[PDB]
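Note: the block below is structure-v6.txt and it holds compact mmCIF, C-alpha atoms and all ligand atoms.
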```txt
# COMPACT_ATOMS: atom_id res chain seq x y z
CA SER A 1797 -58.59 221.06 -25.52
CA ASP A 1798 -57.14 217.75 -24.38
CA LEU A 1799 -55.55 217.37 -27.81
CA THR A 1800 -54.44 220.99 -27.45
CA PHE A 1801 -52.40 219.83 -24.45
CA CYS A 1802 -51.09 216.94 -26.58
CA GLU A 1803 -49.68 219.34 -29.19
CA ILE A 1804 -47.75 221.17 -26.46
CA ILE A 1805 -46.56 217.93 -24.85
CA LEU A 1806 -45.34 216.63 -28.21
CA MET A 1807 -43.50 219.87 -29.01
CA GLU A 1808 -41.72 219.83 -25.63
CA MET A 1809 -40.84 216.16 -26.12
CA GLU A 1810 -39.53 216.88 -29.63
CA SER A 1811 -37.53 219.78 -28.12
CA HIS A 1812 -36.21 217.83 -25.11
CA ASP A 1813 -32.47 217.09 -24.97
CA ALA A 1814 -33.13 213.35 -24.55
CA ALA A 1815 -35.36 213.24 -27.66
CA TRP A 1816 -32.58 212.41 -30.17
CA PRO A 1817 -33.40 208.65 -30.44
CA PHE A 1818 -37.13 209.29 -30.98
CA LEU A 1819 -37.40 211.89 -33.79
CA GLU A 1820 -37.55 209.46 -36.73
CA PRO A 1821 -38.60 205.81 -37.08
CA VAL A 1822 -36.11 203.04 -36.41
CA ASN A 1823 -35.26 201.59 -39.81
CA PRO A 1824 -35.70 197.83 -39.24
CA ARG A 1825 -33.30 196.98 -42.14
CA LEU A 1826 -30.52 198.97 -40.40
CA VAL A 1827 -30.89 197.40 -36.92
CA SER A 1828 -30.37 193.68 -36.51
CA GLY A 1829 -33.25 192.04 -34.69
CA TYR A 1830 -35.52 195.09 -34.43
CA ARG A 1831 -38.30 193.80 -36.69
CA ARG A 1832 -38.34 190.43 -34.85
CA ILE A 1833 -38.74 192.04 -31.40
CA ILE A 1834 -40.81 195.22 -31.91
CA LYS A 1835 -44.19 194.58 -33.60
CA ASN A 1836 -45.66 198.06 -32.96
CA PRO A 1837 -42.97 200.65 -33.73
CA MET A 1838 -43.58 204.28 -32.77
CA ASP A 1839 -41.68 207.58 -32.74
CA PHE A 1840 -42.46 211.29 -32.36
CA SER A 1841 -42.56 212.11 -36.09
CA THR A 1842 -45.18 209.38 -36.57
CA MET A 1843 -47.16 210.85 -33.66
CA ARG A 1844 -46.72 214.30 -35.21
CA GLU A 1845 -48.06 213.11 -38.57
CA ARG A 1846 -51.12 211.52 -36.96
CA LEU A 1847 -51.80 214.51 -34.69
CA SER A 1848 -51.61 217.01 -37.57
CA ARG A 1849 -54.41 215.36 -39.58
CA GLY A 1850 -56.70 214.91 -36.56
CA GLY A 1851 -55.95 211.21 -36.23
CA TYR A 1852 -56.19 211.21 -32.41
CA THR A 1853 -59.81 211.17 -31.24
CA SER A 1854 -58.87 211.36 -27.55
CA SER A 1855 -55.87 212.17 -25.39
CA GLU A 1856 -55.84 208.49 -24.36
CA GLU A 1857 -54.97 207.50 -27.93
CA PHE A 1858 -52.09 210.00 -27.91
CA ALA A 1859 -50.82 208.57 -24.62
CA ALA A 1860 -50.89 205.04 -26.05
CA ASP A 1861 -48.49 206.09 -28.80
CA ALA A 1862 -46.17 207.93 -26.40
CA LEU A 1863 -45.84 204.91 -24.11
CA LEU A 1864 -45.21 202.68 -27.14
CA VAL A 1865 -42.13 204.79 -27.88
CA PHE A 1866 -40.78 204.23 -24.37
CA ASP A 1867 -41.98 200.65 -23.99
CA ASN A 1868 -40.35 199.65 -27.29
CA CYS A 1869 -37.18 201.41 -26.16
CA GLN A 1870 -37.00 199.60 -22.81
CA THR A 1871 -37.77 196.24 -24.43
CA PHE A 1872 -35.00 196.39 -27.05
CA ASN A 1873 -32.26 198.46 -25.36
CA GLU A 1874 -30.30 198.01 -22.14
CA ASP A 1875 -30.74 200.58 -19.38
CA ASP A 1876 -27.03 201.38 -19.62
CA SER A 1877 -27.08 202.16 -23.36
CA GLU A 1878 -27.36 205.77 -24.51
CA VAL A 1879 -30.72 205.04 -26.17
CA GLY A 1880 -31.98 203.13 -23.13
CA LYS A 1881 -30.95 205.98 -20.82
CA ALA A 1882 -32.80 208.41 -23.09
CA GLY A 1883 -36.05 206.43 -23.07
CA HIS A 1884 -36.16 206.29 -19.29
CA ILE A 1885 -35.61 210.07 -19.16
CA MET A 1886 -38.26 210.84 -21.75
CA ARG A 1887 -40.76 208.56 -20.01
CA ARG A 1888 -40.37 210.48 -16.74
CA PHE A 1889 -40.73 213.78 -18.63
CA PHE A 1890 -43.86 212.56 -20.41
CA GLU A 1891 -45.27 211.17 -17.18
CA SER A 1892 -44.57 214.50 -15.48
CA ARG A 1893 -46.23 216.71 -18.09
CA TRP A 1894 -49.12 214.27 -18.51
CA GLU A 1895 -49.95 214.34 -14.80
CA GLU A 1896 -49.77 218.13 -14.39
CA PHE A 1897 -52.41 218.29 -17.15
CA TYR A 1898 -54.59 215.15 -16.84
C1 LIG B 1901 -28.50 202.84 -36.61
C2 LIG B 1901 -29.25 202.59 -37.92
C3 LIG B 1901 -30.56 203.40 -37.99
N1 LIG B 1901 -30.69 204.73 -37.94
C4 LIG B 1901 -32.01 205.00 -38.03
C5 LIG B 1901 -32.67 206.40 -38.02
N2 LIG B 1901 -32.75 206.87 -36.85
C6 LIG B 1901 -33.55 206.10 -36.01
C7 LIG B 1901 -33.52 206.57 -34.55
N3 LIG B 1901 -32.17 206.71 -34.12
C8 LIG B 1901 -31.56 205.93 -33.02
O1 LIG B 1901 -30.44 206.08 -32.72
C9 LIG B 1901 -32.48 204.92 -32.29
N4 LIG B 1901 -33.62 205.23 -31.67
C10 LIG B 1901 -34.18 204.11 -31.16
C11 LIG B 1901 -35.49 204.03 -30.37
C12 LIG B 1901 -33.36 203.06 -31.48
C13 LIG B 1901 -33.62 201.60 -31.09
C14 LIG B 1901 -32.84 200.47 -31.79
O2 LIG B 1901 -34.43 201.35 -30.28
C15 LIG B 1901 -32.29 203.55 -32.19
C16 LIG B 1901 -31.11 202.76 -32.77
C17 LIG B 1901 -30.88 203.03 -34.25
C18 LIG B 1901 -31.52 207.67 -34.91
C19 LIG B 1901 -31.49 207.19 -36.36
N5 LIG B 1901 -32.65 203.85 -38.15
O3 LIG B 1901 -31.75 202.87 -38.12
```
Could I get this file's structure written as structure tokens?
Ligand SMILES: CCc1nc(CN2CCN(C(=O)c3[nH]c(C)c(C(C)=O)c3CC)CC2)no1
Amino acid sequence: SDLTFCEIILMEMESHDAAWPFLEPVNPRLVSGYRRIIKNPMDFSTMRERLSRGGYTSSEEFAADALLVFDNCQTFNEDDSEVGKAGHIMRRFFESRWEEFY
């Protein structure tokens, strides 16, 4: 039931207009400095893979992955960059859907 909500939240996030930086993993070989700064990478397709095989035992574990996506994005990207702008927008969206459910 809680994970039921997580499926919907993930679909809406995947379908959001500001989702474009977060649909596939950052390839550390293609981004200078990414591996040295981000130890716990996360993205929506990785969350989708885990959710599909029942790898989230609680909604809390889903929320940890979602915030990793946005925390990694704020750590590595400036607020003024297109990717930075997108992470701030998706965090507010996630925080809005998460609070009108949990
Ligand atoms: C640019 C080289 C590269 N392409 C990809 C694949 N795919 C990853 C996500 N993506 C982004 O634009 C994106 N999303 C985030 C969270 C970031 C960073 C650095 O935080 C970035 C910069 C590449 C689209 C492309 N991997 O490396």
Residues of chain A within 7 Å of ligand LIG 1901 (chain B): nearest atom pair and distance (Å, one decimal) for each, counting all atoms listed in the file, sorted by chain and number, as CSV?
```
residue,atom,partner,partner_atom,distance
A:1816,CA,B:LIG1901,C18,6.8
A:1817,CA,B:LIG1901,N4,3.6
A:1818,CA,B:LIG1901,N4,5.4
A:1819,CA,B:LIG1901,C7,6.6
A:1820,CA,B:LIG1901,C6,5.3
A:1821,CA,B:LIG1901,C6,5.2
A:1822,CA,B:LIG1901,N5,4.0
A:1823,CA,B:LIG1901,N5,3.8
A:1824,CA,B:LIG1901,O3,6.5
A:1826,CA,B:LIG1901,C2,4.6
A:1827,CA,B:LIG1901,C2,5.5
A:1830,CA,B:LIG1901,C14,6.6
A:1868,CA,B:LIG1901,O2,6.8
A:1869,CA,B:LIG1901,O2,5.0
A:1872,CA,B:LIG1901,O2,5.9
A:1873,CA,B:LIG1901,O2,6.1
A:1879,CA,B:LIG1901,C10,6.1
```
Q: Show which residues sit within 12 Å of residue 1845 of chain A, as a count of residues only. Count only C-alpha atoms, and ignore same-chain residues fewer than 3 positions away.
A: 15
(Q) Could you list, as a list in words, every residue within 9 Å of residue 1802 of chain A, counting only C-alpha atoms and ignoring same-chain residues fewer than 3 positions away? (A) residues 1797, 1798, 1799, 1805, 1806, 1807, 1847, 1855, 1858, 1859 and 1894 of chain A
Just C-alpha atoms for this one: save the residues we selected as a compact mmCIF listing (two decimals), in the coordinates of the input.
```txt
# COMPACT_ATOMS: atom_id res chain seq x y z
CA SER A 1797 -58.59 221.06 -25.52
CA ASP A 1798 -57.14 217.75 -24.38
CA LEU A 1799 -55.55 217.37 -27.81
CA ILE A 1805 -46.56 217.93 -24.85
CA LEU A 1806 -45.34 216.63 -28.21
CA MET A 1807 -43.50 219.87 -29.01
CA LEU A 1847 -51.80 214.51 -34.69
CA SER A 1855 -55.87 212.17 -25.39
CA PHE A 1858 -52.09 210.00 -27.91
CA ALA A 1859 -50.82 208.57 -24.62
CA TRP A 1894 -49.12 214.27 -18.51
```
Q.
Ranking A:1808, A:1837, A:1866, A:1825 by minimum distance to residue 1888 of chain A and counting only C-alpha atoms, which one comes first?
A.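 Of A:1808, A:1837, A:1866, A:1825, the one nearest residue 1888 of chain A is A:1866, counting only C-alpha atoms.
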Q) With distances taken over only C-alpha atoms, which of A:1856, A:1882, A:1887, A:1867 is nearest to residue 1801 of chain A? A)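 Among A:1856, A:1882, A:1887, A:1867, it is A:1856 that comes nearest to residue 1801 of chain A.
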Q. Which residue, A:1870, A:1875, A:1814, A:1864, has the smallest gap to residue 1843 of chain A when you use all atoms listed in the file?
A.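 Answer, going by the shortest atom-to-atom distance: A:1864.
Between residue 1892 of chain A and the candidates A:1835, A:1861, A:1809, A:1876, the tightest atom-to-atom separation, counting all atoms listed in the file, involves A:1809.
Distance-wise, atom CA of residue 1863 of chain A and atom CA of residue 1890 of chain A end up 8.7 Å apart.
Going from atom CA of residue 1881 of chain A to atom CA of residue 1813 of chain A covers 12.0 Å.
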(Q) Just the number, please: distance in Å from atom CA of residue 1854 of chain A to atom CA of residue 1800 of chain A, one decimal. (A)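 About the pair atom CA of residue 1854 of chain A and atom CA of residue 1800 of chain A: they are 10.6 Å apart.
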Can you put N, CA and C atoms back into segment 1850-1882 of chain A and show it as a tab-separated table (two decimals), keeping the file's coordinate frame?
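What follows is the written file rebuild-v4.tsv:
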```
chain	number	residue	atom	x	y	z
A	1850	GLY	N	-55.62	215.30	-37.45
A	1850	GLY	CA	-56.70	214.91	-36.56
A	1850	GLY	C	-56.90	213.42	-36.38
A	1851	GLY	N	-55.82	212.64	-36.38
A	1851	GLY	CA	-55.95	211.21	-36.23
A	1851	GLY	C	-55.98	210.69	-34.81
A	1852	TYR	N	-56.00	211.57	-33.81
A	1852	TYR	CA	-56.19	211.21	-32.41
A	1852	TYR	C	-57.56	211.70	-31.96
A	1853	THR	N	-58.47	210.76	-31.66
A	1853	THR	CA	-59.81	211.17	-31.24
A	1853	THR	C	-59.87	211.54	-29.77
A	1854	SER	N	-58.89	211.09	-28.98
A	1854	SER	CA	-58.87	211.36	-27.55
A	1854	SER	C	-57.42	211.48	-27.12
A	1855	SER	N	-57.21	212.09	-25.95
A	1855	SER	CA	-55.87	212.17	-25.39
A	1855	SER	C	-55.35	210.79	-25.01
A	1856	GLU	N	-56.24	209.87	-24.64
A	1856	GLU	CA	-55.84	208.49	-24.36
A	1856	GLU	C	-55.14	207.86	-25.55
A	1857	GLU	N	-55.63	208.11	-26.77
A	1857	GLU	CA	-54.97	207.50	-27.93
A	1857	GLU	C	-53.59	208.09	-28.16
A	1858	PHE	N	-53.41	209.38	-27.87
A	1858	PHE	CA	-52.09	210.00	-27.91
A	1858	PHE	C	-51.15	209.36	-26.90
A	1859	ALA	N	-51.65	209.15	-25.68
A	1859	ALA	CA	-50.82	208.57	-24.62
A	1859	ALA	C	-50.41	207.15	-24.97
A	1860	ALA	N	-51.28	206.39	-25.65
A	1860	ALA	CA	-50.89	205.04	-26.05
A	1860	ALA	C	-49.67	205.07	-26.96
A	1861	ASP	N	-49.63	206.03	-27.90
A	1861	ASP	CA	-48.49	206.09	-28.80
A	1861	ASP	C	-47.23	206.51	-28.07
A	1862	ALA	N	-47.33	207.48	-27.16
A	1862	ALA	CA	-46.17	207.93	-26.40
A	1862	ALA	C	-45.55	206.78	-25.60
A	1863	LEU	N	-46.39	206.01	-24.91
A	1863	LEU	CA	-45.84	204.91	-24.11
A	1863	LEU	C	-45.26	203.81	-24.99
A	1864	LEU	N	-45.81	203.62	-26.20
A	1864	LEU	CA	-45.21	202.68	-27.14
A	1864	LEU	C	-43.77	203.05	-27.44
A	1865	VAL	N	-43.49	204.35	-27.60
A	1865	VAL	CA	-42.13	204.79	-27.88
A	1865	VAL	C	-41.21	204.34	-26.76
A	1866	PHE	N	-41.62	204.57	-25.51
A	1866	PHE	CA	-40.78	204.23	-24.37
A	1866	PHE	C	-40.80	202.75	-24.04
A	1867	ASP	N	-41.93	202.08	-24.25
A	1867	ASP	CA	-41.98	200.65	-23.99
A	1867	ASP	C	-41.14	199.89	-25.00
A	1868	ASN	N	-41.24	200.24	-26.29
A	1868	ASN	CA	-40.35	199.65	-27.29
A	1868	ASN	C	-38.89	199.88	-26.93
A	1869	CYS	N	-38.57	201.08	-26.44
A	1869	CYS	CA	-37.18	201.41	-26.16
A	1869	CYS	C	-36.64	200.59	-25.00
A	1870	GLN	N	-37.45	200.39	-23.96
A	1870	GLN	CA	-37.00	199.60	-22.81
A	1870	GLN	C	-36.92	198.11	-23.15
A	1871	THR	N	-37.76	197.65	-24.07
A	1871	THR	CA	-37.77	196.24	-24.43
A	1871	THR	C	-36.50	195.85	-25.19
A	1872	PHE	N	-36.05	196.72	-26.10
A	1872	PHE	CA	-35.00	196.39	-27.05
A	1872	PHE	C	-33.62	196.86	-26.62
A	1873	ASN	N	-33.53	197.85	-25.73
A	1873	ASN	CA	-32.26	198.46	-25.36
A	1873	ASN	C	-31.97	198.30	-23.87
A	1874	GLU	N	-30.70	198.10	-23.54
A	1874	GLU	CA	-30.30	198.01	-22.14
A	1874	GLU	C	-30.39	199.37	-21.46
A	1875	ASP	N	-30.63	199.34	-20.14
A	1875	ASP	CA	-30.74	200.58	-19.38
A	1875	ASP	C	-29.46	201.40	-19.47
A	1876	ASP	N	-28.32	200.72	-19.62
A	1876	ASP	CA	-27.03	201.38	-19.62
A	1876	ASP	C	-26.66	201.97	-20.98
A	1877	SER	N	-27.36	201.60	-22.05
A	1877	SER	CA	-27.08	202.16	-23.36
A	1877	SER	C	-27.54	203.62	-23.42
A	1878	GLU	N	-26.96	204.37	-24.36
A	1878	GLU	CA	-27.36	205.77	-24.51
A	1878	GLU	C	-28.83	205.89	-24.90
A	1879	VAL	N	-29.31	205.00	-25.77
A	1879	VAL	CA	-30.72	205.04	-26.17
A	1879	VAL	C	-31.62	204.58	-25.03
A	1880	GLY	N	-31.21	203.54	-24.30
A	1880	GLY	CA	-31.98	203.13	-23.13
A	1880	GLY	C	-32.07	204.23	-22.08
A	1881	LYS	N	-30.94	204.88	-21.81
A	1881	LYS	CA	-30.95	205.98	-20.82
A	1881	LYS	C	-31.94	207.05	-21.27
A	1882	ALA	N	-31.97	207.32	-22.58
A	1882	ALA	CA	-32.80	208.41	-23.09
A	1882	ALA	C	-34.28	208.08	-22.97
```
